[PDB]
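Just one chain follows, in the form deposited in one PDB entry, and it is written as structure tokens.
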């Protein structure tokens, strides 16, 4: 004579299996920005949260659960034990140390490799068929580490890479031209960070090449100093870190953009971090951002951008640098 049984006649016993489950590992500033953006876009029917800080983890789960009335994601769970992540379609890794003022992303590598040695084997134990989307920095090296530790085929291990760098670039381009970032096109490839490569030849509005219109585009002799736009992209994370201490909102939206292509099988092209040995002249097994076709099987194809020999030389050097960092990691 419980109220529930007076009210509700049960017709079916429910061994609930999740169908569109996403996990976020690390519920820091980045992790929670990814979680709220994914929740507000209705990409998942179950969201699992993992962290090592147990009280913070339960507090973040509860705060999200209290907003359930306003969401269309019926189940949010969390735990330190990765059993809560079982049968995820997509596992997003945002755990780790972050930059202080003046610190390069590459200075984070030793701390975050050691964290990944713990995280990745636990992920693959409960979700052996998931896609891994790596956001923790340095993202290109850590996508390689996730790949090696997981044993996954390379199509299922993705780094957020330069998706956000390109979005920042398009925003800054739009502010200068007086149009929305959506209508500005421009690709930043290579390392997410100081050594990223702007592809000046591809920048356009409505298929009109900016460089064809303004041949000094991207050079030091440019009176409008468009080269500084890329410098603002490179510097932007450092400037936000100095002002507010960290970055979170933009990366959350960028990660949810990637999750949407994966979860809906959109086969959109994004500049994300993938194993590009054998492409673009690279001979080592390094992860760099190039335009990739992203869908329900991860990265299925890569677009072959025509680079100048200078643009190609920048990528070739990055690959050497990153491969040099990778070579001496113990995992």
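Residue numbers count along the first chain shown, from 1. For the two forms, the rigid core is made up of the largest set of C-alpha atoms that agree within 1.5 Å on superposition.
Averaging CA B factors per stretch from the PDB record, which one is higher: 11-19 or 306-314?
Mean CA B-factor is higher for 11-19.
Quick check: 78-86 versus 167-175, which has the larger average CA B-factor in the record?
Going by the record's values, the stretch with the higher mean is 78-86.
Can you pull the Cα B-factors for 69, 34, 293, 279 from the entry and say which is highest?
Among 69, 34, 293, 279, the PDB entry lists the largest C-alpha B-factor for 279.
Have a look at 252, 138, 159, 102 and flag the one whose Cα has the highest B-factor in the entry.
The record points to 102.
Among the modelled residues of its chain, does the C-alpha B-factor of residue 111 lie in the lowest, middle or highest third?
For residue 111, the deposited C-alpha B-factor lands in the lowest third.
Test of reading the entry: by CA B factor among the chain's modelled residues, which third contains residue 257?
Lowest third of the chain for residue 257's C-alpha B-factor.
Using the temperature factors of the C-alpha atoms in this entry, rank residue 180 within its chain: lowest, middle or highest third.
Lowest third - that is where residue 180 ends up once the chain's C-alpha B-factors are sorted.
Could you place residue 212 in the lowest, middle or highest third of its chain by Cα temperature factor, using the values in the record?
CA B-factor rank for residue 212: highest third.
Would you check the entry's CA temperature factor for residue 58 and let me know if it's in the chain's lowest, middle or highest third?
Its C-alpha B-factor, which the entry lists for residue 58, ranks in the middle third among residues of this chain.
Form deposited in another entry: not shown, discussed below.
Superpose on the rigid core, then report which one of 83, 209, 107, 228 has a CA displacement of at least 2 angstroms between the shown form and the other one.
Result of the comparison: 107.
Determine whether the C-alpha of residue 154 shifts by 2 Å or more between the shown form and the other one once the rigid core is superposed.
No, the C-alpha position differs by under 2 Å between the shown form and the other one.
Once the core is aligned, does residue 97 move its Cα by at least 2 Å between the shown form and the other one?
Yes, its C-alpha moves 2 Å or more.
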